[PDB]
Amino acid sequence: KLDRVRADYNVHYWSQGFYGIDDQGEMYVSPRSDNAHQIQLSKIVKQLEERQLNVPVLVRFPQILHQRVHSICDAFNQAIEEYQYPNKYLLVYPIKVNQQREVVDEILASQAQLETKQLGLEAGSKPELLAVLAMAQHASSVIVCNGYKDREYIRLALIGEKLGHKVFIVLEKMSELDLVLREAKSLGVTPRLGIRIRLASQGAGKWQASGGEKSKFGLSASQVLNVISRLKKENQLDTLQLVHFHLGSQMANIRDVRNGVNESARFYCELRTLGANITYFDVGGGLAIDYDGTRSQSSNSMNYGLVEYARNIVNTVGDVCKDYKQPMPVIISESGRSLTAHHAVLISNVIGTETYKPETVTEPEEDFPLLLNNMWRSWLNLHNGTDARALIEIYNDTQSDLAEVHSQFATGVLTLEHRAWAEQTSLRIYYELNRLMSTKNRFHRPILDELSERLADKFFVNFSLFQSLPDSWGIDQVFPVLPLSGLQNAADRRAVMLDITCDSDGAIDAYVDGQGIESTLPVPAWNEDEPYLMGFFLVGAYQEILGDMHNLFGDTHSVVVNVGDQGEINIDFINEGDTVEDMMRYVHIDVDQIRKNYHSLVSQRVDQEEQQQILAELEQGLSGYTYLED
């Protein structure tokens, strides 16, 4: 049954209604706001294959970016209406989360459909500013500038203001103020200034600009005061328009958001008190994504929802302004991750497995030692008539017996054959223990968890973790991962997913299912005869940019898919992934020379009939996708 499978995965806890399992047992995406047509992801794959693109593939749904833009804006609007807050919310997209022109254009495109009709982007570095200015060349835009600012970064930012953008240069180091004033004078521009504030409510040391605590940016209380003082002196206090703080990405605890906003709102009111007219209050990033579906205060989740995040921000800022009797600023959030995580799915195939097949326990030959007979006797006592206690005993004896076998092999007591026999016999006992024990028995359940790991299939997935999913390796980030098809049989097996790199770390340690994080995943059985497709979801934020070429596996193919009015699958942009030859160039091999040398060597050492064949396979290997063929 599919509907019992649906409760085993509980996709809806993490998918936000963008993905689900349909009645044919296929995973779909539903990316349109009218929710009009669902599309089976496997059917998108079938259509890529027709066009000669093989998996792995990264698939983007812009229609999902559009909805996130509207949801985040809707959430703050609701909060504004409920509080009767007397100013606006502005969404601003930090490009660091995902810089791809096709992501950023779709984000810009919905922002234009919004009532403010207000474009907002944030750059965190010189190269990002130039990218941001390129991508907002068409219309006047809010641009917030963060990061380390040299002369050239400041002059480019002022050039942007000259050319008609609203460019906020956020002061993050005290020396930058003096640089901005000089460069603005030199370009004849009226600069717009924001200030980044250091907070004392988020940990020891962060209030301090100097010192060995690692928050890089932001001005001290003292430094903030110096800014106001320097501006008053130059008759430029009106250029300070923006107050900024950034708590960090993926804030799991709503309390920290509240404490942060509380402290910042007070700074904002104190600055107006000293005469500055701050128009904007920018709460930075930090709006988390619920990667594991558990809504918990854990590093892969959050204990709050979208609207509640909005309310904590609006209410706190509003309450602090009412106390000071100050007017309320435009609220900005830089919510990159929330905007981008859901829109992308990585698809690839399971190209082989290592699974345990139950074989027959052969009886001990006269040659076998007591220890191995003991295991044989355990195997005979294991059946439907073995009681609940005695099954546990047999588990414990069998583990101890295998451990002793391993020690005797290591010291020269036992032959390779003895070891083999004991290992296969143990696996047979484990396999049966796993069938005889009951999940309704309280003392069997912990063992059945143990046994579930011990008997899981290894699934080798045609992809590189280091390339497509770097946070998995680097910070034990969890992503939901699921078979795309045949989900009626998801109770068949348990499996762990490994990548095809020659590295221990290219394996997933954690899975998302119906009750949260597990160490293995329930899956349909694999067959050599049918394609078996898997999906990594919530890969939309920070994954693409951060991946690297371990083992010379390169970029995957990527495509943009829009679902049309009548349910068409419009494949709108297509980016081809790396070939082996690309990777060879990247590491400075002269490939044209390699090809030509190959012509010689083959004519030298190969029989004439074969030569064309051998040369074709060499040339073809160079020109192939880095990834493997089933």
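Numbers for residues come from their place in the sequence shown, where the first is 1.
Can you tell me which stretch has the higher mean Cα B-factor, 461 to 469 or 358 to 366?
So the stretch with the higher mean C-alpha B-factor is 358 to 366.
Tell me which of 39 to 47 and 64 to 72 has the higher mean C-alpha B-factor in the deposited entry.
In the deposited entry, the stretch with the higher C-alpha B-factor mean is 39 to 47.
Report the option among 493, 198, 342, 149 whose CA atom has the maximum B-factor in the deposited record.
That would be 493, according to the entry.
Member of 254, 144, 416, 119 with the greatest C-alpha B factor (per the PDB record):
Checking the PDB record, the top C-alpha B-factor among 254, 144, 416, 119 is at 119.
Can you tell me whether residue 406 has a C-alpha B-factor in the lowest, middle or highest third compared with the other modelled residues of the same chain?
Ranked within chain, residue 406 CA B lands in the lowest tercile.
Rank-wise, by C-alpha B-factor, drop residue 261 into the lowest, middle or highest third of its chain.
Lowest third of the chain for residue 261's C-alpha B-factor.
Where does the C-alpha B-factor of residue 310 rank in its chain, lowest, middle or highest third?
Ranked within chain, residue 310 CA B lands in the lowest tercile.
Would the CA B-factor of residue 203 place it in the lowest, middle or highest third of its chain?
For residue 203, whose C-alpha B-factor we compare with every modelled residue in the chain, the answer is the highest third.
Report the third (lowest, middle or highest) to which the CA temperature factor of residue 347 belongs, ranking only the modelled residues of the same chain.
Lowest third, going by the recorded CA B-factors of the chain.
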